[PDB]
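Asker: Just so it is clear, I am handing over entry.csv, which has CSV, C-alpha atoms and all ligand atoms.
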```csv
chain,number,residue,atom,x,y,z
A,37,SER,CA,157.5,137.8,12.9
A,38,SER,CA,161.0,139.0,13.9
A,39,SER,CA,162.0,136.1,16.1
A,40,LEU,CA,161.1,133.8,13.1
A,41,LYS,CA,163.3,135.8,10.7
A,42,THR,CA,166.0,135.3,13.3
A,43,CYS,CA,165.4,131.6,13.4
A,44,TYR,CA,165.9,131.2,9.6
A,45,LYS,CA,168.9,133.5,10.0
A,46,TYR,CA,170.4,131.0,12.4
A,47,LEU,CA,169.3,128.1,10.2
A,48,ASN,CA,171.5,129.5,7.5
A,49,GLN,CA,174.4,130.5,9.7
A,50,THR,CA,174.7,127.0,11.0
A,51,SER,CA,173.4,124.5,8.3
A,52,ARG,CA,176.1,123.8,5.8
A,53,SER,CA,173.6,122.1,3.4
A,54,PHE,CA,170.1,121.8,4.6
A,55,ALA,CA,169.0,125.5,4.7
A,56,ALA,CA,167.7,125.3,1.2
A,57,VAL,CA,165.8,122.0,1.3
A,58,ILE,CA,164.2,122.9,4.7
A,59,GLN,CA,162.9,126.3,3.5
A,60,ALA,CA,161.5,124.6,0.5
A,61,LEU,CA,159.3,122.3,2.5
A,62,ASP,CA,155.5,122.6,2.1
A,63,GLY,CA,153.4,124.2,4.8
A,64,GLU,CA,153.7,123.7,8.6
A,65,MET,CA,156.7,121.5,7.9
A,66,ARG,CA,158.9,124.5,7.0
A,67,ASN,CA,158.9,125.9,10.5
A,68,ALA,CA,158.5,122.6,12.3
A,69,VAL,CA,161.7,121.4,10.7
A,70,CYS,CA,163.4,124.7,10.9
A,71,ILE,CA,162.9,124.9,14.7
A,72,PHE,CA,163.6,121.1,15.0
A,73,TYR,CA,167.0,121.7,13.4
A,74,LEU,CA,167.9,124.7,15.6
A,75,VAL,CA,167.0,122.8,18.7
A,76,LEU,CA,169.2,119.8,17.9
A,77,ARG,CA,171.9,122.2,16.7
A,78,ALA,CA,171.8,123.8,20.2
A,79,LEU,CA,171.9,120.3,21.8
A,80,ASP,CA,175.0,119.2,19.8
A,81,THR,CA,176.8,122.5,20.3
A,82,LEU,CA,176.7,121.6,24.0
A,83,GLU,CA,177.7,118.0,23.5
A,84,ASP,CA,180.7,118.9,21.3
A,85,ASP,CA,182.1,121.7,23.5
A,86,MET,CA,185.1,120.2,25.3
A,87,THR,CA,185.5,123.3,27.6
A,88,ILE,CA,182.2,122.1,29.3
A,89,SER,CA,183.1,119.5,32.0
A,90,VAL,CA,181.3,116.2,32.0
A,91,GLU,CA,179.6,116.7,35.3
A,92,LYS,CA,178.2,120.0,34.0
A,93,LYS,CA,177.4,118.6,30.6
A,94,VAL,CA,175.4,115.4,31.5
A,95,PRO,CA,172.7,117.5,33.3
A,96,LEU,CA,172.4,120.0,30.4
A,97,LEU,CA,172.1,117.2,27.9
A,98,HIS,CA,169.6,115.2,30.0
A,99,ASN,CA,167.3,118.1,30.9
A,100,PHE,CA,167.7,120.0,27.6
A,101,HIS,CA,164.2,119.1,26.3
A,102,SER,CA,162.9,120.7,29.5
A,103,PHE,CA,164.6,124.0,28.6
A,104,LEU,CA,162.2,124.1,25.6
A,105,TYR,CA,159.4,125.2,28.0
A,106,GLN,CA,161.7,127.5,30.0
A,107,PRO,CA,161.4,130.8,28.1
A,108,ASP,CA,164.2,132.6,29.7
A,109,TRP,CA,166.8,129.8,29.5
A,110,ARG,CA,170.1,130.1,27.6
A,111,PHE,CA,173.7,129.1,27.8
A,112,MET,CA,176.3,131.9,27.7
A,113,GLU,CA,179.4,130.0,28.7
A,114,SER,CA,180.2,128.2,25.4
A,115,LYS,CA,183.3,128.5,23.3
A,116,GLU,CA,182.1,126.4,20.3
A,117,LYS,CA,181.4,128.3,17.1
A,118,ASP,CA,177.7,127.8,16.5
A,119,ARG,CA,177.1,129.2,19.9
A,120,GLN,CA,174.6,131.8,18.9
A,121,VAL,CA,171.8,129.3,19.0
A,122,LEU,CA,172.5,128.7,22.7
A,123,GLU,CA,173.2,132.3,23.8
A,124,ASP,CA,170.0,133.3,22.2
A,125,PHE,CA,168.0,130.2,22.8
A,126,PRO,CA,164.9,131.9,24.3
A,127,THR,CA,164.0,133.0,20.7
A,128,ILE,CA,164.2,129.4,19.4
A,129,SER,CA,162.3,127.9,22.3
A,130,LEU,CA,159.7,130.7,21.7
A,131,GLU,CA,159.0,129.8,18.1
A,132,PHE,CA,159.1,126.2,19.3
A,133,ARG,CA,156.2,127.0,21.6
A,134,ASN,CA,154.4,128.5,18.6
A,135,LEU,CA,154.8,125.2,16.8
A,136,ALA,CA,151.6,123.2,16.8
A,137,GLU,CA,151.3,120.8,19.7
A,138,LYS,CA,151.5,117.8,17.5
A,139,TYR,CA,155.0,119.0,16.4
A,140,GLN,CA,156.3,120.0,19.8
A,141,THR,CA,155.7,116.5,21.0
A,142,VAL,CA,157.9,114.8,18.4
A,143,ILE,CA,160.6,117.4,18.7
A,144,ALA,CA,160.8,117.5,22.5
A,145,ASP,CA,160.7,113.7,22.4
A,146,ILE,CA,163.7,113.1,20.1
A,147,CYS,CA,165.4,116.0,21.9
A,148,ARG,CA,164.9,114.2,25.3
A,149,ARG,CA,166.3,110.9,24.0
A,150,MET,CA,169.2,112.3,22.1
A,151,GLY,CA,170.2,114.0,25.4
A,152,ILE,CA,170.2,110.8,27.5
A,153,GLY,CA,172.1,109.3,24.6
A,154,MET,CA,174.9,111.8,24.0
A,155,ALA,CA,175.7,112.0,27.7
A,156,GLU,CA,176.0,108.2,27.4
A,157,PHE,CA,179.0,108.4,25.0
A,158,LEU,CA,180.9,111.3,26.7
A,159,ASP,CA,182.9,108.9,28.9
A,160,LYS,CA,183.6,106.2,26.4
A,161,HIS,CA,184.8,106.0,22.8
A,162,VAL,CA,182.9,103.9,20.3
A,163,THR,CA,184.2,100.4,20.8
A,164,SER,CA,182.4,97.9,18.6
A,165,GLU,CA,180.2,98.1,15.5
A,166,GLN,CA,176.9,97.5,17.4
A,167,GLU,CA,177.9,100.6,19.4
A,168,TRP,CA,178.8,102.7,16.3
A,169,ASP,CA,175.2,102.0,15.2
A,170,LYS,CA,174.0,102.9,18.7
A,171,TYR,CA,175.9,106.2,18.8
A,172,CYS,CA,174.9,107.0,15.2
A,173,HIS,CA,171.3,106.0,16.2
A,174,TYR,CA,171.3,108.6,19.0
A,175,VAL,CA,172.7,111.6,17.2
A,176,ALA,CA,171.4,110.8,13.7
A,177,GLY,CA,168.9,108.0,13.5
A,178,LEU,CA,166.5,109.6,15.9
A,179,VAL,CA,166.6,112.7,13.7
A,180,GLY,CA,165.6,110.3,10.9
A,181,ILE,CA,162.9,108.9,13.1
A,182,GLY,CA,161.8,112.3,14.2
A,183,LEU,CA,161.6,114.1,10.9
A,184,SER,CA,159.4,111.3,9.4
A,185,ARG,CA,157.0,111.6,12.4
A,186,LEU,CA,156.8,115.3,11.7
A,187,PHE,CA,156.1,114.5,8.0
A,188,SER,CA,153.2,112.3,8.9
A,189,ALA,CA,151.9,114.6,11.6
A,190,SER,CA,151.8,117.4,9.0
A,191,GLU,CA,149.5,115.1,6.9
A,192,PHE,CA,151.8,115.9,3.9
A,193,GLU,CA,153.0,112.3,4.2
A,194,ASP,CA,151.2,109.0,4.9
A,195,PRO,CA,151.0,107.5,8.4
A,196,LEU,CA,153.1,104.7,7.0
A,197,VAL,CA,156.1,107.1,6.7
A,198,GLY,CA,156.3,107.9,10.4
A,199,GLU,CA,155.4,104.4,11.5
A,200,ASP,CA,158.6,103.1,9.9
A,201,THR,CA,161.3,103.7,12.5
A,202,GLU,CA,163.8,101.0,11.3
A,203,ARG,CA,164.2,102.6,7.9
A,204,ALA,CA,164.0,106.2,9.1
A,205,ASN,CA,166.8,105.1,11.4
A,206,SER,CA,168.8,103.8,8.5
A,207,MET,CA,168.4,107.1,6.6
A,208,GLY,CA,170.3,108.8,9.4
A,209,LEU,CA,172.8,106.0,10.3
A,210,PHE,CA,173.9,106.2,6.6
A,211,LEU,CA,174.2,110.0,6.5
A,212,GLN,CA,176.0,110.1,9.9
A,213,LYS,CA,178.4,107.3,9.1
A,214,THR,CA,179.6,108.8,5.8
A,215,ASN,CA,180.2,112.0,7.8
A,216,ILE,CA,182.1,110.2,10.5
A,217,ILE,CA,184.2,108.6,7.7
A,218,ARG,CA,184.8,111.7,5.7
A,219,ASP,CA,185.6,113.7,8.8
A,220,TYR,CA,188.5,111.5,9.9
A,221,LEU,CA,191.2,114.2,9.9
A,222,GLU,CA,188.9,117.0,11.1
A,223,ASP,CA,187.7,114.9,14.0
A,224,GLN,CA,191.3,113.7,14.9
A,225,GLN,CA,192.9,117.1,14.9
A,226,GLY,CA,190.0,118.6,16.9
A,227,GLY,CA,190.8,115.7,19.2
A,228,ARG,CA,187.8,113.4,18.8
A,229,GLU,CA,187.3,109.7,17.8
A,230,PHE,CA,184.3,108.0,16.3
A,231,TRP,CA,185.9,105.2,14.2
A,232,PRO,CA,185.1,101.9,16.0
A,233,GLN,CA,188.0,100.6,17.9
A,234,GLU,CA,187.3,97.0,17.4
A,235,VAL,CA,187.7,97.9,13.8
A,236,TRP,CA,190.5,100.4,13.5
A,237,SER,CA,192.4,98.7,16.3
A,238,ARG,CA,193.3,95.7,14.2
A,239,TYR,CA,195.0,97.8,11.6
A,240,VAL,CA,196.9,100.1,14.0
A,241,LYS,CA,197.7,100.4,17.7
A,242,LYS,CA,196.1,103.8,18.2
A,243,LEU,CA,193.7,105.6,15.9
A,244,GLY,CA,195.8,108.7,15.3
A,245,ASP,CA,198.4,106.5,13.5
A,246,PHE,CA,196.4,106.9,10.3
A,247,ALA,CA,197.3,110.6,10.1
A,248,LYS,CA,200.9,109.2,9.7
A,249,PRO,CA,202.0,108.7,6.1
A,250,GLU,CA,204.0,105.6,7.0
A,251,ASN,CA,200.6,104.0,7.6
A,252,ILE,CA,198.4,105.2,4.8
A,253,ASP,CA,198.3,101.7,3.3
A,254,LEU,CA,196.5,100.1,6.3
A,255,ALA,CA,194.6,103.4,6.6
A,256,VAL,CA,192.8,102.9,3.3
A,257,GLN,CA,192.0,99.3,4.3
A,258,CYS,CA,190.2,100.5,7.4
A,259,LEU,CA,188.5,103.3,5.3
A,260,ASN,CA,187.1,100.7,2.8
A,261,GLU,CA,186.0,98.3,5.5
A,262,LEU,CA,183.9,101.1,7.1
A,263,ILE,CA,182.6,102.3,3.8
A,264,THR,CA,181.4,98.8,3.1
A,265,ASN,CA,179.7,98.8,6.4
A,266,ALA,CA,178.0,102.1,5.6
A,267,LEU,CA,176.9,100.9,2.2
A,268,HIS,CA,174.7,98.2,3.9
A,269,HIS,CA,172.1,100.9,4.6
A,270,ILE,CA,171.5,101.9,1.0
A,271,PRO,CA,168.7,99.4,0.6
A,272,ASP,CA,166.7,100.7,3.5
A,273,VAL,CA,167.3,104.1,2.1
A,274,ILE,CA,165.9,103.2,-1.3
A,275,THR,CA,162.9,101.7,0.5
A,276,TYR,CA,162.3,104.8,2.5
A,277,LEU,CA,162.3,107.3,-0.3
A,278,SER,CA,160.2,104.9,-2.5
A,279,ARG,CA,157.4,105.5,-0.1
A,280,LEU,CA,157.4,109.3,-0.1
A,281,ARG,CA,154.7,111.2,-2.0
A,282,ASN,CA,155.4,114.9,-1.6
A,283,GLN,CA,157.9,116.7,-3.8
A,284,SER,CA,159.0,119.0,-1.1
A,285,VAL,CA,159.5,116.2,1.5
A,286,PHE,CA,161.1,114.1,-1.3
A,287,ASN,CA,163.8,116.5,-2.3
A,288,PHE,CA,164.5,117.1,1.4
A,289,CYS,CA,165.2,113.4,1.9
A,290,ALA,CA,166.7,112.3,-1.5
A,291,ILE,CA,169.3,115.1,-2.0
A,292,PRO,CA,171.4,114.5,1.2
A,293,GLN,CA,171.3,110.7,0.6
A,294,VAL,CA,172.5,111.0,-3.0
A,295,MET,CA,175.1,113.4,-1.7
A,296,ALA,CA,176.2,111.2,1.2
A,297,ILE,CA,176.6,108.5,-1.5
A,298,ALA,CA,178.8,110.7,-3.7
A,299,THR,CA,181.1,111.4,-0.7
A,300,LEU,CA,181.4,107.7,0.0
A,301,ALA,CA,182.3,107.1,-3.7
A,302,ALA,CA,184.9,109.8,-3.6
A,303,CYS,CA,186.5,108.3,-0.5
A,304,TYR,CA,186.7,104.7,-1.5
A,305,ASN,CA,190.3,103.5,-1.7
A,306,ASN,CA,191.4,107.2,-1.6
A,307,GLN,CA,194.5,108.4,0.2
A,308,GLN,CA,193.2,112.0,0.3
A,309,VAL,CA,190.8,111.0,3.1
A,310,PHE,CA,193.9,111.0,5.4
A,311,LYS,CA,195.7,113.9,3.7
A,312,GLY,CA,193.3,116.8,3.0
A,313,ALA,CA,189.9,117.4,1.3
A,314,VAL,CA,187.6,115.3,-0.9
A,315,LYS,CA,185.7,117.2,-3.7
A,316,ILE,CA,182.7,115.4,-5.2
A,327,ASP,CA,168.3,114.9,-11.6
A,328,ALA,CA,167.6,113.7,-8.0
A,329,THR,CA,163.9,114.5,-7.9
A,330,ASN,CA,162.2,111.2,-8.8
A,331,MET,CA,162.9,107.8,-7.4
A,332,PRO,CA,164.0,106.2,-10.7
A,333,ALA,CA,166.4,109.1,-11.3
A,334,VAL,CA,167.5,108.8,-7.7
A,335,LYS,CA,167.9,105.0,-8.3
A,336,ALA,CA,169.9,105.4,-11.5
A,337,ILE,CA,172.1,107.9,-9.7
A,338,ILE,CA,172.7,105.6,-6.8
A,339,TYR,CA,173.3,102.6,-9.0
A,340,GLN,CA,175.9,104.7,-10.9
A,341,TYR,CA,178.0,105.6,-7.9
A,342,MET,CA,177.8,101.9,-6.8
A,343,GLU,CA,179.6,100.9,-10.0
A,344,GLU,CA,182.4,103.4,-9.3
A,345,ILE,CA,183.0,101.8,-6.0
A,346,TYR,CA,182.9,98.4,-7.7
A,347,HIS,CA,185.3,99.4,-10.5
A,348,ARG,CA,188.1,100.3,-7.9
A,349,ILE,CA,187.8,97.4,-5.4
A,350,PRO,CA,191.4,96.1,-5.4
A,351,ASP,CA,191.6,92.3,-4.9
A,352,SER,CA,194.2,92.9,-2.2
A,353,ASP,CA,191.8,94.9,0.1
A,354,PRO,CA,190.8,92.6,2.9
A,355,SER,CA,187.1,93.5,2.5
A,356,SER,CA,186.9,93.1,-1.3
A,357,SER,CA,184.3,90.3,-1.2
A,358,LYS,CA,182.1,92.3,1.2
A,359,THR,CA,182.1,95.5,-0.8
A,360,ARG,CA,181.3,93.5,-4.0
A,361,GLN,CA,178.9,91.4,-2.0
A,362,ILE,CA,176.8,94.4,-0.8
A,363,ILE,CA,176.9,96.2,-4.2
A,364,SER,CA,175.6,93.0,-5.8
A,365,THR,CA,172.7,93.0,-3.4
A,366,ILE,CA,172.0,96.7,-4.0
A,367,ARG,CA,172.0,96.0,-7.8
A,368,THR,CA,169.4,93.3,-7.6
A,369,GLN,CA,167.2,94.5,-4.7
A,370,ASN,CA,163.9,96.3,-5.0
A,401,LIG,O1,176.8,114.9,16.0
A,401,LIG,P1,177.7,115.5,15.0
A,401,LIG,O2,178.4,114.5,14.2
A,401,LIG,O3,178.7,116.5,15.7
A,401,LIG,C1,176.7,116.5,13.9
A,401,LIG,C2,175.4,117.0,14.6
A,401,LIG,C3,174.3,115.9,14.5
A,401,LIG,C4,173.2,116.3,15.3
A,401,LIG,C5,172.2,117.2,14.5
A,401,LIG,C6,172.3,118.5,14.7
A,401,LIG,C7,171.5,119.4,13.9
A,401,LIG,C8,170.6,118.8,13.0
A,401,LIG,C9,170.5,117.4,12.8
A,401,LIG,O4,169.7,116.9,11.9
A,401,LIG,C10,168.7,117.6,11.3
A,401,LIG,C11,167.6,118.0,12.0
A,401,LIG,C12,166.6,118.7,11.3
A,401,LIG,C13,166.7,119.0,10.0
A,401,LIG,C14,167.9,118.7,9.3
A,401,LIG,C15,168.9,117.9,9.9
A,401,LIG,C16,171.4,116.6,13.6
A,401,LIG,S1,177.6,117.8,13.4
A,401,LIG,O5,178.7,117.3,12.5
A,401,LIG,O6,176.8,118.7,12.7
A,401,LIG,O7,178.3,118.5,14.6
A,402,MG,MG,178.6,115.7,18.2
```
In structure tokens, write the structure found in this file.
Ligand SMILES: O=P(O)(O)[C@@H](CCCc1cccc(Oc2ccccc2)c1)S(=O)(=O)O
Ligand SMILES: [Mg+2]
Answerer:
Amino acid sequence: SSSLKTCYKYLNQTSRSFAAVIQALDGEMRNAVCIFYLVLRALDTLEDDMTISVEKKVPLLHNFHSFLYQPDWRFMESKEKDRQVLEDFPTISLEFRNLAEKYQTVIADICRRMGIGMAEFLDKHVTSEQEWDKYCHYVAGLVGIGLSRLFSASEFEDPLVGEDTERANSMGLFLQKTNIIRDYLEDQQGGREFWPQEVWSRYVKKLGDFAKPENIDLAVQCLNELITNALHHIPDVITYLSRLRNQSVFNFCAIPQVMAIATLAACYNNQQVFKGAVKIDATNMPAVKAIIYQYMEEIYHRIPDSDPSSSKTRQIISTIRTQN
């Protein structure tokens, strides 16, 4: 139908690099995961728009899931760039309602909980590392949780896929953290902060000081510390994919992880993270594994003894080598 063509039209307008893997999914997953994406995309577009006042935003975010069953609803007052998905929501929420009930449930659930969770972190920055996980859990982990419950609901994946929330969480925590990390300049010049204060704060006195070239030294030290943090998810990742049994689902999951891993390798001990831009076989686990193990070595081979988190980086690479 024509509202569907529009939905995949939006999927491509907005998704930098999922478009292809989503449209390649087998069966009812395709559309389940296309609409799922568009819904969360709408939700985020709201969260990120800083022209929307907090008192106006918290309600939107909270009640957003409910808008899924309000055919006529839409948001016209947005100034963010992906704002078509909101101005023309009714179309999305319509295809949502054509989704099979078993899929609407998962979607509207994760939608409902992301909402109460994004509105949570509007007031405050991300202070500690337990919080960084928490915020990454909300925006990203739940997507990881949610997708895998769609997978199993589709019957294209085992029940054991969607039962495993701890590792589905990890899949997203990892992806999300590498993005937070890479995005440091983009986030800081769009006036946002997601680097964990109790981390960055003991290299510098305010976060923006990393955009200063008189500070790059300490900047990379913070960058590596966080990378090492992010690397700690790579085992759960390897465990999660090792369980998948559908090529379409598998490529959907592997690719972005492998690509998250490349980004993290490109950024390690790398000035350009704070200067400009960072330029950078994955279709069976043991290929995927080999590929992961490879990038790990690159990290390893550039850990300077001086860097105050050398032992940790090596420490967690050594565990990834000899795990599973
Ligand atoms: O929360 P952030 O860091 O701003 C990030 C949006 C993350 C929330 C989100 C939106 C849309 C899709 C999404 O995850 C999916 C969901 C379904 C299919 C593929 C990916 C997660 S964004 O960089 O894309 O804005
Ligand atoms: Mg956001």
Asker: Just checking: using only C-alpha atoms and all ligand atoms, which residue out of A:79, A:204, A:295, A:121 ends up closest to ligand MG 402 (chain A)?
Answerer: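 So, comparing all the options, the nearest one is A:79.
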Asker: Near residue A:136, within 12 Å and counting only C-alpha atoms, which residues show up once chain neighbours fewer than 2 positions away are dropped, as a count of residues only?
Answerer: 19
Asker: Pick the closest to ligand LIG 401 (chain A) from A:232, A:198, A:292, A:312: which is it, counting all atoms listed in the file?
Answerer: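 Smallest separation from ligand LIG 401 (chain A) among the options: A:292.
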Asker: Could you name the residues that touch residue A:78 at 8 Å or less, counting all atoms listed in the file, but leaving out those on the same chain fewer than 3 positions away, as an MDAnalysis selection string?
Answerer: chainID A and resid 74:75 81:82 119 121:122 125
Asker: Hey, which residues come within 7 Å of ligand MG 402 (chain A) if we count all atoms listed in the file? Could you give them as a list in words?
Answerer: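 Those residues are residues 80, 83 and 84 of chain A.
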Asker: Pick from A:60, A:289, A:154, A:86: nearest to residue A:227, with only C-alpha atoms counted?
Answerer: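 Checking each of A:60, A:289, A:154, A:86 against residue A:227, counting only C-alpha atoms, the winner is A:86.
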Asker: Select the residues contacting ligand LIG 401 (chain A) at a distance of at most 7 Å, based on all atoms listed in the file, then format the selection as an MDAnalysis selection string.
Answerer: chainID A and resid 54 69:70 72:74 76:77 80 84 175:176 179 183 212 216
Asker: For atom CA of residue A:219 and atom CA of residue A:309, quote the distance in Å rounded to one decimal.
Answerer: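 The value is 8.2 Å.
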